[PDB]
Structure formats: C-alpha cells, structure tokens
Amino acid sequence: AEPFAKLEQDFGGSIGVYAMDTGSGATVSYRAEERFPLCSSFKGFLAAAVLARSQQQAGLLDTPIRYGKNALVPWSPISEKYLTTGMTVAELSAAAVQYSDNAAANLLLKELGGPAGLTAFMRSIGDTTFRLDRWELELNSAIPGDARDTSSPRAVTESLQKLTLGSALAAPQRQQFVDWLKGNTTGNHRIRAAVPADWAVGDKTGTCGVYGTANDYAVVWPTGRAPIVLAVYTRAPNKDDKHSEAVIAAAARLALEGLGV
C-alpha cells in the first residue's frame, strides 16, 4: 500500500489495484472501489456476454457476420483482413479479445444490444458498478471525473472470477472464455510481465491513449497453487499524461507479492 502510493506518485497519477487469491480468500486492495475508465478492457466481458447468450442459442458462434469498409475503425487488424469474406460471431470474439479488434467489438456490441446490452449482462451476473455508455472508440475519452465507460478494479476482478472460475457461464462456455483470454496477444508487457513463464495466464488489456489511462485484468494459475484474479487500472490528471505498461506490471508484482505469491 505504501509501495502503491509511492508507485502512483512516481507515475504522476492514480493506480487502482484489486487481486484475490481464490484459495485463501486473501486480497490486495488499493483504490479498488474507485472508478477507472475501462478503455479496451470491456471487450473481454463482451465476449463472455456472447458466450452466455450462446448457451440459450445454439448456432450463435458460427453465425456469419458480413460487414463493410465503413465498419473498419482504427485498430481493426483482423476485421480488415477478413473484410471480403466476413467473420463468424466466434471469430469476431477471438479477434476482439486477443487483438482488441475495435471493428469486431462494435459488431458484437451491436448483436448484444449495444453498450446498454453489455451493461445489462454485467448486471445479470451481479456486477453493479460496470457501465459501458459508448462504442469504440468514443469510449476512450477518459475525462477525469467522468463516470461514463468505467468500473472499479474490484468489480472487474469479481466479475472476471465469476465468469472464468465461478459458475456465471456454463462449463463449456467457461473454458472457451478462459482459452480466449489465455491467447491474448496484447498484454505481454503488463500483468503477464509480472509472473513466471510456467504460470498459465489469461488477460485483457485496455488503453485509452489519453490521461495516462491504461489497464489490464487477468487470471493467473500459479504452479501448485490456486489461481489469482487481479485487475490493475491507471489514469492521470493531464490529457497528455502518458500511460505506462511498466507501471501496470510493477503494480501487478506488488499485488502478487502482497498475496505472498
């Protein structure tokens, strides 16, 4: 905690951390119930909402989605490649989670009834903090004090636990969510940078690009020890303040250490 204040101070902003040992029930909590913009991290919960809906609707994941060029907003690397052939709901989910593909995230949001639909899903699993108000990329304004498109490190951590380890998703969908998070390609310098290499890790990052606002949440499977669920979020007071993945990895190391992990 003292290390946390020191860390954010050196950072020049605020760092929010919540980590829980699903075995001992031990937790690390620093500014954990404060609101931080979700940025790109909402996409992970977006995929869960899709999986949850696929339970009551077989054939969803394989449903073909055709889209146009207008739909290719910034950072849609996968969507851009499959433009002429389109992508299935499952392929869009993998793209959104593992590459943070914005086009894919927006097409899936549309299928779930937009930001309100996803917010409603988080409500159904008992998350009362989470709120998505806009679509990519407008949701990245990260204006200080703005409650739109934010959640708490604690609410994110708890929801992630319900969806990956708990029973918020049927067994099959549960493992698919874990596998999509395990295959993430965008967070090698964040939480993943704080743990060994033999540890199985699944994560989803978030980067707003303004107000030094960045984040990452993950489920880490320590060797011989129960899995840990953690969320690390940051932000700063100045629009030009830059985020730092090193700060996120450092904060994650402190969280794990705090758990004696």
# chains A, B, ... in the order shown; residues from 1 in each chain; ligands from 1
$ residues_around --residues "stretch 223-225 of chain A" --least-positions-apart "4" --cutoff "9 Å" --atoms "only C-alpha atoms" --output "list in words"
residues 23, 198, 199, 200 and 261 of chain A
$ select_by_dssp --residues "stretch 23-240 of chain A" --states "strand (DSSP E or B)" --output "PyMOL selection string"
chain A and resi 27-30+36-37+64-65+87-88+131+150-151+200-207+214-221+228-235
$ residues_around --residues "stretch 88-97 of chain A" --least-positions-apart "5" --cutoff "8 Å" --atoms "only C-alpha atoms" --output "ChimeraX atom specification"
/A:43-44,47,50,60-65,78-79,102,104-105,107-108,180-181,184,204
$ write_last_selection --atoms "C-alpha atoms" --output "tab-separated table (two decimals), in the first residue's frame"
chain	number	residue	atom	x	y	z
A	43	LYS	CA	-14.09	-6.40	-24.80
A	44	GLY	CA	-13.31	-9.36	-22.52
A	47	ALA	CA	-17.05	-11.99	-25.27
A	50	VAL	CA	-21.67	-13.54	-26.23
A	60	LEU	CA	-24.77	-18.22	-32.44
A	61	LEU	CA	-20.98	-18.57	-32.52
A	62	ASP	CA	-20.99	-19.94	-36.07
A	63	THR	CA	-23.34	-17.22	-37.29
A	64	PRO	CA	-21.75	-15.37	-40.26
A	65	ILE	CA	-21.45	-11.60	-39.92
A	78	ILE	CA	-8.29	-8.82	-38.01
A	79	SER	CA	-11.52	-7.32	-39.35
A	102	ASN	CA	-12.41	-2.49	-32.49
A	104	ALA	CA	-15.13	-6.79	-34.19
A	105	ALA	CA	-16.02	-5.40	-30.76
A	107	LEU	CA	-20.21	-5.66	-34.41
A	108	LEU	CA	-20.56	-7.84	-31.28
A	180	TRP	CA	-9.71	-16.77	-25.48
A	181	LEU	CA	-8.14	-14.78	-22.59
A	184	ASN	CA	-4.44	-12.65	-25.74
A	204	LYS	CA	-7.48	-8.48	-21.47
$ closest_residue --among "A:137, A:32, A:125, A:170" --to "residue A:73" --atoms "only C-alpha atoms"
A:137
$ closest_atom_pairs --of "stretch 111-201 of chain A" --to "stretch 53-57 of chain A" --cutoff "12 Å" --atoms "only C-alpha atoms" --output "tab-separated table"
residue	atom	partner	partner_atom	distance
A:111	CA	A:53	CA	10.4
A:112	CA	A:53	CA	8.7
A:113	CA	A:53	CA	11.9
A:117	CA	A:53	CA	11.4
A:118	CA	A:53	CA	11.2
A:121	CA	A:53	CA	9.5
A:124	CA	A:53	CA	11.9
A:168	CA	A:55	CA	11.4
A:169	CA	A:55	CA	8.4
A:170	CA	A:55	CA	7.4
A:171	CA	A:55	CA	10.2
A:172	CA	A:55	CA	9.2
A:173	CA	A:55	CA	7.7
A:174	CA	A:55	CA	10.7
A:176	CA	A:54	CA	11.5
$ atom_distance --atom1 "atom CA of residue A:218" --atom2 "atom CA of residue A:157"
8.1 Å
$ decode --residues "stretch 7-157 of chain A" --atoms "C-alpha atoms" --output "JSON list (two decimals), in the first residue's frame"
[["chain", "number", "residue", "atom", "x", "y", "z"],
["A", 7, "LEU", "CA", 4.38, 3.84, -7.28],
["A", 8, "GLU", "CA", 1.47, 6.05, -8.45],
["A", 9, "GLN", "CA", 3.26, 9.16, -7.24],
["A", 10, "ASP", "CA", 6.29, 8.31, -9.34],
["A", 11, "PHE", "CA", 3.75, 7.67, -12.12],
["A", 12, "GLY", "CA", 2.10, 11.05, -11.64],
["A", 13, "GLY", "CA", -1.44, 9.69, -11.43],
["A", 14, "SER", "CA", -3.69, 7.19, -9.68],
["A", 15, "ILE", "CA", -3.30, 3.41, -9.67],
["A", 16, "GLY", "CA", -6.14, 1.11, -8.70],
["A", 17, "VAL", "CA", -5.46, -2.48, -7.74],
["A", 18, "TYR", "CA", -7.53, -5.47, -6.65],
["A", 19, "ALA", "CA", -6.16, -9.00, -6.52],
["A", 20, "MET", "CA", -7.68, -12.06, -4.94],
["A", 21, "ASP", "CA", -6.34, -15.49, -4.07],
["A", 22, "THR", "CA", -9.23, -17.81, -4.97],
["A", 23, "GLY", "CA", -7.79, -20.30, -2.50],
["A", 24, "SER", "CA", -7.01, -18.46, 0.73],
["A", 25, "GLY", "CA", -9.55, -15.73, 0.04],
["A", 26, "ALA", "CA", -6.76, -13.22, 0.66],
["A", 27, "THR", "CA", -6.90, -9.94, -1.23],
["A", 28, "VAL", "CA", -4.77, -6.91, -2.06],
["A", 29, "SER", "CA", -6.82, -3.72, -2.31],
["A", 30, "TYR", "CA", -5.65, -0.19, -3.15],
["A", 31, "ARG", "CA", -8.13, 2.35, -4.63],
["A", 32, "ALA", "CA", -10.01, -0.82, -5.67],
["A", 33, "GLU", "CA", -13.54, 0.59, -5.41],
["A", 34, "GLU", "CA", -12.66, 3.84, -7.22],
["A", 35, "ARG", "CA", -13.85, 4.27, -10.82],
["A", 36, "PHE", "CA", -11.36, 3.95, -13.69],
["A", 37, "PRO", "CA", -12.16, 4.04, -17.40],
["A", 38, "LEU", "CA", -12.50, 0.54, -18.86],
["A", 39, "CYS", "CA", -10.97, 1.59, -22.20],
["A", 40, "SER", "CA", -10.43, -1.52, -24.33],
["A", 41, "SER", "CA", -10.83, -3.97, -21.41],
["A", 42, "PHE", "CA", -14.63, -4.10, -21.80],
["A", 43, "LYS", "CA", -14.09, -6.40, -24.80],
["A", 44, "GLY", "CA", -13.31, -9.36, -22.52],
["A", 45, "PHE", "CA", -16.65, -9.08, -20.76],
["A", 46, "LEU", "CA", -18.20, -8.51, -24.19],
["A", 47, "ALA", "CA", -17.05, -11.99, -25.27],
["A", 48, "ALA", "CA", -18.47, -13.52, -22.08],
["A", 49, "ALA", "CA", -21.85, -11.87, -22.79],
["A", 50, "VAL", "CA", -21.67, -13.54, -26.23],
["A", 51, "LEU", "CA", -20.83, -16.93, -24.71],
["A", 52, "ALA", "CA", -23.57, -16.55, -22.10],
["A", 53, "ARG", "CA", -26.07, -15.90, -24.90],
["A", 54, "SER", "CA", -24.78, -18.83, -26.93],
["A", 55, "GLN", "CA", -26.00, -21.11, -24.13],
["A", 56, "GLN", "CA", -29.66, -20.34, -24.80],
["A", 57, "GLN", "CA", -28.97, -20.03, -28.51],
["A", 58, "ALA", "CA", -27.01, -22.74, -30.28],
["A", 59, "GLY", "CA", -25.61, -21.73, -33.65],
["A", 60, "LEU", "CA", -24.77, -18.22, -32.44],
["A", 61, "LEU", "CA", -20.98, -18.57, -32.52],
["A", 62, "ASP", "CA", -20.99, -19.94, -36.07],
["A", 63, "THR", "CA", -23.34, -17.22, -37.29],
["A", 64, "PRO", "CA", -21.75, -15.37, -40.26],
["A", 65, "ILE", "CA", -21.45, -11.60, -39.92],
["A", 66, "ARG", "CA", -20.94, -9.55, -43.07],
["A", 67, "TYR", "CA", -19.60, -6.03, -42.66],
["A", 68, "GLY", "CA", -18.46, -3.15, -44.81],
["A", 69, "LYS", "CA", -15.43, -0.90, -45.08],
["A", 70, "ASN", "CA", -17.24, 1.84, -43.15],
["A", 71, "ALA", "CA", -17.01, -0.52, -40.13],
["A", 72, "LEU", "CA", -13.18, -0.62, -40.10],
["A", 73, "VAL", "CA", -12.35, 2.00, -37.47],
["A", 74, "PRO", "CA", -8.80, 2.43, -36.15],
["A", 75, "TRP", "CA", -7.13, -0.74, -34.80],
["A", 76, "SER", "CA", -9.21, -3.41, -36.54],
["A", 77, "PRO", "CA", -6.28, -5.58, -37.80],
["A", 78, "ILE", "CA", -8.29, -8.82, -38.01],
["A", 79, "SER", "CA", -11.52, -7.32, -39.35],
["A", 80, "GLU", "CA", -9.53, -5.63, -42.09],
["A", 81, "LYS", "CA", -8.09, -8.96, -43.28],
["A", 82, "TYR", "CA", -11.44, -10.78, -43.45],
["A", 83, "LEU", "CA", -13.45, -7.93, -44.96],
["A", 84, "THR", "CA", -14.30, -9.69, -48.24],
["A", 85, "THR", "CA", -15.31, -12.95, -46.52],
["A", 86, "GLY", "CA", -16.80, -11.60, -43.29],
["A", 87, "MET", "CA", -16.38, -13.33, -39.91],
["A", 88, "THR", "CA", -18.47, -15.53, -37.62],
["A", 89, "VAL", "CA", -19.55, -14.44, -34.15],
["A", 90, "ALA", "CA", -16.89, -16.77, -32.70],
["A", 91, "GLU", "CA", -14.11, -15.38, -34.93],
["A", 92, "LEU", "CA", -15.13, -11.80, -34.07],
["A", 93, "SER", "CA", -14.97, -12.69, -30.37],
["A", 94, "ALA", "CA", -11.48, -14.14, -30.69],
["A", 95, "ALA", "CA", -10.40, -11.00, -32.60],
["A", 96, "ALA", "CA", -11.94, -8.62, -30.04],
["A", 97, "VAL", "CA", -10.38, -10.41, -27.05],
["A", 98, "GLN", "CA", -6.98, -11.40, -28.40],
["A", 99, "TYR", "CA", -6.23, -8.45, -30.69],
["A", 100, "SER", "CA", -8.58, -5.85, -29.19],
["A", 101, "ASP", "CA", -10.07, -5.51, -32.69],
["A", 102, "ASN", "CA", -12.41, -2.49, -32.49],
["A", 103, "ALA", "CA", -14.47, -3.30, -35.59],
["A", 104, "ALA", "CA", -15.13, -6.79, -34.19],
["A", 105, "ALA", "CA", -16.02, -5.40, -30.76],
["A", 106, "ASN", "CA", -18.52, -2.98, -32.30],
["A", 107, "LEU", "CA", -20.21, -5.66, -34.41],
["A", 108, "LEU", "CA", -20.56, -7.84, -31.28],
["A", 109, "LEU", "CA", -21.86, -4.88, -29.25],
["A", 110, "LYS", "CA", -24.50, -4.35, -31.96],
["A", 111, "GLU", "CA", -25.50, -8.01, -31.58],
["A", 112, "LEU", "CA", -25.86, -7.68, -27.81],
["A", 113, "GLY", "CA", -27.94, -4.52, -27.98],
["A", 114, "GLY", "CA", -25.03, -2.09, -27.77],
["A", 115, "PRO", "CA", -23.25, -0.73, -24.65],
["A", 116, "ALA", "CA", -26.56, -0.91, -22.75],
["A", 117, "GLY", "CA", -26.89, -4.59, -23.64],
["A", 118, "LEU", "CA", -23.43, -5.35, -22.24],
["A", 119, "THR", "CA", -24.10, -3.24, -19.15],
["A", 120, "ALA", "CA", -27.31, -5.25, -18.67],
["A", 121, "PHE", "CA", -25.34, -8.51, -18.91],
["A", 122, "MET", "CA", -22.92, -7.36, -16.21],
["A", 123, "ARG", "CA", -25.96, -6.56, -14.11],
["A", 124, "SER", "CA", -27.26, -10.13, -14.60],
["A", 125, "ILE", "CA", -24.11, -11.63, -13.09],
["A", 126, "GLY", "CA", -24.36, -9.24, -10.15],
["A", 127, "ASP", "CA", -21.92, -6.50, -11.20],
["A", 128, "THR", "CA", -23.48, -3.24, -10.03],
["A", 129, "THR", "CA", -20.51, -1.00, -10.88],
["A", 130, "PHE", "CA", -19.74, -1.72, -14.53],
["A", 131, "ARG", "CA", -21.14, 0.69, -17.07],
["A", 132, "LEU", "CA", -20.41, 0.99, -20.78],
["A", 133, "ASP", "CA", -22.01, 4.06, -22.33],
["A", 134, "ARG", "CA", -20.37, 4.35, -25.77],
["A", 135, "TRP", "CA", -18.78, 2.24, -28.51],
["A", 136, "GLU", "CA", -15.16, 2.04, -29.64],
["A", 137, "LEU", "CA", -13.51, 4.39, -29.94],
["A", 138, "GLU", "CA", -15.56, 7.20, -28.38],
["A", 139, "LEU", "CA", -15.49, 5.34, -25.08],
["A", 140, "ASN", "CA", -11.79, 6.24, -24.70],
["A", 141, "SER", "CA", -12.15, 9.93, -23.74],
["A", 142, "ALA", "CA", -11.10, 9.08, -20.16],
["A", 143, "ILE", "CA", -12.05, 12.55, -18.92],
["A", 144, "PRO", "CA", -11.19, 12.92, -15.20],
["A", 145, "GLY", "CA", -14.30, 12.53, -13.07],
["A", 146, "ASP", "CA", -16.36, 11.24, -15.97],
["A", 147, "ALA", "CA", -18.28, 8.11, -14.89],
["A", 148, "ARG", "CA", -19.09, 7.02, -18.46],
["A", 149, "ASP", "CA", -17.47, 3.76, -19.55],
["A", 150, "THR", "CA", -15.90, 2.97, -16.15],
["A", 151, "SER", "CA", -15.87, 0.31, -13.45],
["A", 152, "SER", "CA", -13.81, -0.48, -10.35],
["A", 153, "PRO", "CA", -10.73, -2.73, -10.10],
["A", 154, "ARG", "CA", -12.73, -4.69, -7.56],
["A", 155, "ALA", "CA", -15.91, -5.10, -9.66],
["A", 156, "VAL", "CA", -13.84, -6.12, -12.69],
["A", 157, "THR", "CA", -11.90, -8.65, -10.60]]
